[PDB]
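Residue-level structure breakdown
So the chains spell out like this:
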Amino acid sequence: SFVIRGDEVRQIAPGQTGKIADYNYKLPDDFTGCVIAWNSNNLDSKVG
Amino acid sequence: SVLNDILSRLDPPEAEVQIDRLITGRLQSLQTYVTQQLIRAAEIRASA
């Protein structure tokens, strides 16, 4: 579980290319699973 | 047709798709070749 920008969601895929895909969370070309995403924006609201 | 040209160019997922096609083609071609060799081998063997 982690948080990314909404546009970024395309990255979380097997053997995918992208910054997060290369630098932070990479799924294997073999992978089996499902990915779910939603805007925690209300939650992610701080003054800062 | 140049395998490296695929590998150099494409993201891994697409590369595998293109490569799989190329392999399928070459494999089919190699199998056709081997089949040709085998059938010819029969003709040659009959001759032998």
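Residues numbered from 1 in each chain as written, not as in the entry; some residues may be left out. Chains lettered and ligands numbered in written order. Part of a larger assembly, values for the part shown. Heavy atoms only, no water. Residues with missing side-chain atoms left out of burial classes, pairs and counts.

Deposited coordinates in this entry are attributed by the record to cryo-EM, at a stated resolution of 3.45 Å.

1. A few points about the overall build of chain B
A tally of helices and strands in chain B yields two helices and zero strands. C-alpha atoms of chain B, sized along the principal axes, occupy 50 × 15 × 10 Å. (Helix = DSSP H or I, 4+ residues; strand = E, 2+ residues; numbered from the N terminus.)

2. Notes on the overall build of chain A
Regarding its fold elements, chain A presents one helix and zero strands. Considered along the principal axes of its C-alpha atoms, chain A spans approximately 40 × 20 × 15 Å.

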